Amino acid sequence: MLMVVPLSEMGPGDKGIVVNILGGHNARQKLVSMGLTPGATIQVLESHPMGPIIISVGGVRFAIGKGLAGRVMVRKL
């Protein structure tokens, strides 16, 4: 079982590779500015019920909302 899950479902300590961004144009532009494009590696640093999620991409930290994070499909490493 390969684990392919939305970034919104990943928890502190998880790492993975982005495989797909859901939602075309506006979504891609909102996400690419946090380095979230296919092939980038993400580590989840912190998360709560209610968001936000704190991630690290290429050594840079970002906060992302659970909603937008649902559009990022990640294969866990």
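The first residue of the sequence shown is number 1, and the count goes up from there.
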- Assert higher mean C-alpha B factor (19-27 or 58-66, deposited values) equals 19-27
- With B-factors read from the PDB entry, the higher C-alpha mean of 47-55 and 29-37 is in 47-55
- Message: Looking at the temperature factor on the CA atom of residue 72, which third of the chain's modelled residues does it land in?
- Response: lowest
- Message: Ranking the modelled residues of this chain by C-alpha B-factor as given in the entry, is residue 7 in the lowest, middle or highest third?
- Response: lowest
